[PDB]
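Q: Just dropping in an experimental structure and the matching sequence.
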Amino acid sequence: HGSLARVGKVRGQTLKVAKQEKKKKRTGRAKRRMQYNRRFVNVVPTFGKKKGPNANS
Amino acid sequence: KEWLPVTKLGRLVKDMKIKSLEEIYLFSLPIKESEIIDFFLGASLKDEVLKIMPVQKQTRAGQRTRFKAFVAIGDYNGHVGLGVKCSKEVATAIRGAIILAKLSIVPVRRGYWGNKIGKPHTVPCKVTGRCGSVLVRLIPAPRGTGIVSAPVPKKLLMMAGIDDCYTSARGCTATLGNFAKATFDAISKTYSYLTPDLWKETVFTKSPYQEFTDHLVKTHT
Amino acid sequence: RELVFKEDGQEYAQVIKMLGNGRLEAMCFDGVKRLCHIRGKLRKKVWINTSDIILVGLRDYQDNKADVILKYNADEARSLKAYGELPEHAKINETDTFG
Amino acid sequence: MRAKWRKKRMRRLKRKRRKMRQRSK
Amino acid sequence: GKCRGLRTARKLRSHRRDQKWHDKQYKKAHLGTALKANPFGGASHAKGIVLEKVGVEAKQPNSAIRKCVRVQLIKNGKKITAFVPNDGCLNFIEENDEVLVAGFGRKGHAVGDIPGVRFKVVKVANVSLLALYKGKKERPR
RNA sequence: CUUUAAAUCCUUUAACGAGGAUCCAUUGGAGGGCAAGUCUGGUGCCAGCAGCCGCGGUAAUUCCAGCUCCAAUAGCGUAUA
RNA sequence: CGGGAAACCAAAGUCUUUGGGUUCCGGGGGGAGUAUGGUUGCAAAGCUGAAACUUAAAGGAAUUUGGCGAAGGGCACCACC
């Protein structure tokens, strides 16, 4: 606890999780090429409702 | 999955002695079977759900809620419809709204902007629909303009086959039911406008009932 | 149930006059009159009466406003007075729930 | 309060204010 | 339109002039009282010196302690209160220090559940709060 | 080499000049308006988010961090007329 | 007939198919018919009439469970005589 007026407590007592070494994302023209391929090339005919691009069910 | 037509119009349609629904629209006959249209308009008749607005009626204990579903249907080179149904759950509300939308589809005519070359693309006149407080006005546009409007009359106008139009709405258009019924009234009032393009005195042909009544009395009671 | 104590910035106080608009002034045990505040967990669940022992939080940048944490009942206030966290001259005046 | 007696109260307050200003010469 | 005549233009112009004067948003920008009563003086940002760190409280539905600061201006000496925007930035501000003060974004009105505030702090001691939050700049001493 | 008062800048042109081509693309946001996780940990009407509705009460799709995704792109966010 | 958000209206109709003539008057709620100035009156008071500040609502029409120390009909020894 400490006090009700402790400033910045939740920023200061949360756990520190380090970053992850990830691959360089290509930016510019080929990113639009990847977006076009993933949207309008690899589409499969489904039924009902299409899940979102971040649908982590 | 079998059609048993209750009206004589459905039996005349099913026995394949009528040509199109255009004569049905010419004689202004009431249509009370939803899938006569499904017999006529095939895979070109597509529907999209507009809004599902939940309503509530308070009771002895708590509020009894119900869902009202709006859907618009129509082929992309002609007729267009709109149907409303409210029921307990969502699926039967959508099914009933689709049935009522197929039941009431109206024809459209399209005009030209200045030069009459090729196929028509725009509204022939300055039609106006009115329901509630929503005031929807449709104005002809030159070729290649596109439907510039709110999204709901935009999708209704691409569904209705009109390619180029100028719109100007007024009132509380946030209510989607009044907005959709007002633009449907604006579209449906297109044939109900006398222009000098059709001032010639019409010819009255025979009704389907009096010309196929021999078939009706030979088939049914 | 438990006996929570003070901390390095948390002290004790006694209510002097009940105040409106969800606030009160309480007499701290340092000679300083402090305008306290009712905690949002105490706005309807439990009530604070005049002349009761409560736990109060403080600000490290000003001493004009404060905030109440919890409230002590009669037996635990007497037990904490017997231990020595409270001064002996502080009159608890037998705050209790009547019948 | 209703508007009539509020207007009467504000009339009385205005009369007291006018008297105080005219006696504060 | 009511007065619809061929040589009726000064009547229409004068009537629309008085009815345009009889407004709120247009009248606020065409009278000097609103600009003089504004502590910014028609300016977008302003500077000031911190006097003390205060704590104000939220309204009826939500309950928290929104932490602000009392700043007196440079240009005129009016005394305002300003809300420190982000989490834990009250350590970055000490008394008698220069701050750059901007509005919330509702044109001199209170925003959210904080009563009586119209200003917020962007920079302190001529360095931004975002760089201090993200560990990108340090406070000089 | 060219330019120019003389340079510098651009263009031409020798020699060197990249593989995880570390020669590393940021700014906002992910409940609705409004494009995009009912993911995983920490606090528990406190800290804070939130232009507006509203979100936090010891299972937070809105806080604080990690992964993924979304909008524009050498640009993006905020305040005032 | 027609109009309107509806209650309703033969005018509150002939209005996105928007223009017969003409006067007064309102731009979310509070502050506030308030302060000051002028003016009128013996007086009480009348006419003209702000701003600072504060708020996301204040409002209009209508339908079912809400309660009436509202009315009209029926029922109960967990009501009464």
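A: Ah, there it is. Numbers count the residues shown, from 1 in each chain, chains lettered A, B, ... in the order given.
Q: Now do the strands in chain C.
A: Under the criterion DSSP state E, chain C carries strands at the ranges C:11-18, C:23-28, C:33-37, C:53-57, C:67-71.
Q: Who are the contact partners of residue E:97?
A: By C-beta atoms under 8 Å, 6 or more residues apart in numbering or on different chains, the residues touching residue E:97 are E:49, E:50, E:124, E:125. To be clear about C-beta, it is placed using only N, CA and C from the backbone, and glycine gets the same treatment.
Q: Show me just the buried residues among those residues.
A: Listed as buried from those are E:50, E:124, E:125; burial here means 16 or more other C-beta atoms under 10 Å in any protein chain shown.
Q: Let me have those in TSV, extended by distance to residue B:87.
A: Formatted as TSV, the entries for the buried ones among the contacts of residue E:97 read as follows, by distance: C-beta to C-beta, whole Å:
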residue	distance to residue B:87
E:50	63
E:124	60
E:125	65
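Q: Surely residue B:101 forms part of a helix?
A: Yes. When DSSP: H, G, I helix; E, B strand; the rest coil is applied, residue B:101 is found to be in a helix.
Q: That one against residue B:48, yeah?
A: No. Distance between residue B:101 and residue B:48: 10.4 Å, which falls outside the contact criterion (C-beta atoms under 8 Å).
Q: Just to be careful, could you list which of the contacts of residue E:97 are in strands?
A: Those of the contacts of residue E:97 mapping onto strands are E:49, E:50, E:124, per DSSP E.
Q: and chain C, which of the residues you listed reach it?
A: Contacts with chain C within the ones in strands among the contacts of residue E:97, as defined by C-beta under 8 Å from any C-beta of the partner chain: none are present.
Q: tell me, how many neighbours does the residue in chain B positioned nearest to chain E end up with?
A: With C-beta to the nearest C-beta, the shortest gap between chain B and chain E falls at residue B:170, namely 18.3 Å. When neighbours are counted by other C-beta atoms under 10 Å in any protein chain shown, residue B:170 registers 11.
Q: need the contact list for it.
A: Contacts for residue B:170 were tallied using C-beta under 8 Å, 6+ apart; they are B:134, B:135, B:137.
Q: now it: how far from residue B:154?
A: Residue B:170 sits 17 Å away from residue B:154, taking C-beta to C-beta, to the nearest Å as the criterion.
Q: Show me which residues of chain B are close to RNA strand G?
A: Within chain B, the positions adjacent to RNA strand G are B:57-60, B:126-128, B:130, B:132-133, B:135, B:137, B:168, B:170, B:193 by C-beta under 7 Å from any atom of the strand.
Q: Tell me who's in contact with residue 40.
A: By default, I'm working from chain A. The neighbours of residue A:40, taking C-beta under 8 Å, 6+ apart as the test, come to nothing; the list is empty.
Q: right idea, wrong chain: chain E
A: Taking C-beta under 8 Å, 6+ apart as the criterion, residue E:40 is in contact with E:46, E:103.
Q: try residue B:56
A: B:63, B:64, B:65, B:66.
Q: The last one in helix, strand or coil?
A: Yep, that's residue B:66 we're talking about. Reduced to three states with three-state DSSP, the structure at residue B:66 is strand.
Q: picking that back up, would you turn the contacts of residue E:97 into JSON lines with distance to residue C:99?
A: Rendered in JSON lines, the data for the contacts of residue E:97 read as follows (distance: C-beta to C-beta, whole Å):
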{"residue": "E:49", "distance to residue C:99": "58"}
{"residue": "E:50", "distance to residue C:99": "54"}
{"residue": "E:124", "distance to residue C:99": "58"}
{"residue": "E:125", "distance to residue C:99": "61"}
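Q: of the residues you listed, closest to residue C:8?
A: Nearest to residue C:8 among those, counting by C-beta to C-beta, is residue E:50 at 25.9 Å.
Q: Return the subset of the residues of chain B next to RNA strand G lying in helices.
A: Nothing among the residues of chain B next to RNA strand G maps onto helices, per DSSP state H.
Q: Show the buried residues in those.
A: Burial by neighbour count, 16+ other C-beta under 10 Å: within these this picks out B:127, B:135, B:137.
Q: Now the second one: closest residue in space that isn't a chain neighbour?
A: Of all residues not flanking residue B:135 in the chain, residue B:170 sits nearest, at 4.3 Å (C-beta to C-beta, 6 or more residues apart in numbering or on different chains).
Q: And the last one, by the same measure?
A: Spatial nearest neighbour of residue B:137, excluding adjacent residues (C-beta to C-beta, 6+ apart): residue B:168 at 4.8 Å.
Q: just checking, that neighbour touches residue B:139?
A: Yes. Here residue B:168 reaches residue B:139: they are 7.0 Å apart, a contact under C-beta under 8 Å.
Q: still on that earlier bit, can you tell me which of the buried ones among the residues of chain B next to RNA strand G comes closest to chain C?
A: Distance to chain C across those (C-beta to the nearest C-beta) is lowest for residue B:135, with 49.0 Å.
Q: quick one, what contacts the closest one?
A: Counting by C-beta under 8 Å, 6+ apart, residue B:135 makes contact with B:128, B:129, B:169, B:170, B:171, B:182.
Q: go on, residue C:10?
A: Shown here is residue C:10, whose contacts under the criterion C-beta under 8 Å, 6+ apart are A:2, A:3, C:55, C:56, C:57, C:58, C:69.
Q: In the sheet, which residues pair with the fourth one? Tell me.
A: Judged by DSSP bridges, the bridge partners of residue C:56 are residue C:11, residue C:68.
Q: Run a quick neighbour tally on it.
A: Close neighbours of residue C:56, defined as other C-beta under 10 Å, add up to 23.
Q: now swap in the fifth one and tell me
A: Residue C:57 is flanked by 21 other residues according to other C-beta under 10 Å.
Q: ok, now which ones touch the nearest residue to residue C:28 once chain neighbours are set aside?
A: Distances taken as C-beta to C-beta, 6+ apart place residue C:13 nearest to residue C:28, at 4.8 Å, with adjacent residues excluded. When contacts are counted by C-beta under 8 Å, 6+ apart, residue C:13 is found next to C:26, C:27, C:28, C:29, C:34, C:36, C:53, C:54, C:56, C:66, C:68.
Q: hmm, 6 Å instead?
A: Residues touching residue C:13, when contacts are defined by C-beta atoms under 6 Å, 6 or more residues apart in numbering or on different chains, comprise C:26, C:28, C:54, C:56.
Q: thinking again about what came up before, return the closest of the contacts of residue B:56 with respect to residue B:24.
A: residue B:66 (33.7 Å).
Q: wait, isn't the closest one in contact with residue B:57?
A: No. In this structure, residue B:66 is not within contact of residue B:57 by C-beta atoms under 6 Å, at 7.4 Å.
Q: Just read off the phi/psi values of residue B:148.
A: Geometry field for residue B:148 lists phi and psi as phi -110, psi 110, criterion degrees, to the nearest 10.
Q: ok, it - how many residues close by?
A: For residue B:148, the tally of surrounding residues (other C-beta under 10 Å) stands at 14.
Q: what's it in contact with, if anything?
A: The contact partners of residue B:148, by C-beta under 6 Å, 6+ apart, come to none.
Q: and it, what are its bridge partners?
A: Judged by DSSP bridges, the bridge partners of residue B:148 are residue B:166.
Q: follow-up on the earlier one: between residue B:101 and residue B:48, tell me which one has more neighbours.
A: In this view residue B:101 and residue B:48 are compared by other C-beta under 10 Å, and residue B:101 has more residues nearby, 24 against 12.
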